[PDB]
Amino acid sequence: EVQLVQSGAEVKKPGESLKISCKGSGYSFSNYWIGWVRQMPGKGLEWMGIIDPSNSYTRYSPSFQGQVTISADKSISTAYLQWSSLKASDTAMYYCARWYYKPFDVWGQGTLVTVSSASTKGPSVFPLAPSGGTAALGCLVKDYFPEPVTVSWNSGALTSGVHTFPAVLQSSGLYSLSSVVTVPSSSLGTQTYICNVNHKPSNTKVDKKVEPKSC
């Protein structure tokens, strides 16, 4: 079975060097060129470059020329993508794929690279105070690193009408997410709403009560 297997997810800081790998099996690695493809979160596929592993002939997209080094060690059926100085904007998924008579018929599973200047940091939790007799309320889970955080409402007893959004990685290198819940308007004040936010990497547990604005 023809496969390309990539190295695991990386979490690095701007300026650090990184070399990720793409290992071929089930075929003669030296006989087919390996391309590298970037995919930034939510965006399209971008060709970065390509290498002929037999003779190490390498070509790059003008956008990536001088920013990255593609190399190969055909003796161990492995192609590499290398940065001497990661940028925060290098945060993306990276795929390798072989140019075959069926081009890019076989792809690696992808390597996620996260580049952030942040150290481990627990989140600040801020209340988001409260349509057909229902009210939306929530918690802003701001400025944490790394992923993930977990959110529950009223210790897990409130699950109806809850949506916890995916996190955004901000330009500061820190994550933020929100969790919202839709509840009856008549229950406000009389019924207490607490978001429970856990961030294991920093051993952080925060309970924040969310109460009505009252204007």
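Don't overthink the numbering: it's just position in the shown sequence, from 1.
Chemist: Neighbours in the displayed sequence, residue 138 and residue 139 may still hide a gap; how many deposited residues lack coordinates there, none, 1 to 3, 4 to 9, or 10 or more?
Modeler: Nothing is missing between them.
Chemist: Higher average CA B factor in the deposited record is what I'm after, so tell me if that's 11-19 or 198-206.
Modeler: According to the entry, 198-206 carries the higher average C-alpha B-factor.
Chemist: Comparing 33-41 with 159-167, which has the greater mean CA B-factor as deposited?
Modeler: The stretch with the larger mean CA B-factor is 159-167.
Chemist: Tell me, please, which of 134, 111, 89, 78 has the highest C-alpha B factor according to the deposited entry?
Modeler: Among 134, 111, 89, 78, the highest C-alpha B-factor in the entry belongs to 134.
Chemist: According to the Cα B-factor stored in this entry, which of the following is highest: 50, 174, 177, 188?
Modeler: Highest CA B-factor of the listed options: 188.
Chemist: Among the modelled residues of this chain, does the Cα B factor of residue 153 put it in the lowest, middle or highest third?
Modeler: According to the entry, residue 153 has a C-alpha B-factor in the chain's highest third.
Chemist: Could you tell me which third, lowest, middle or highest, the C-alpha B-factor of residue 119 occupies within its chain?
Modeler: For residue 119, whose C-alpha B-factor we compare with every modelled residue in the chain, the answer is the highest third.
Chemist: Mind checking which third residue 184 falls in for C-alpha B-factor across the chain?
Modeler: Within its chain, residue 184 is a highest-third residue by C-alpha B-factor, going by the deposited values.
Chemist: Could you look up the Cα B-factor of residue 2 in the entry and say which third of the chain it sits in: lowest, middle or highest?
Modeler: Answer is middle: the recorded C-alpha B-factor places it there.
Chemist: Grab the CA temperature factor for residue 95 from the record and place it in the lowest, middle or highest third of its chain.
Modeler: Lowest third, going by the recorded CA B-factors of the chain.
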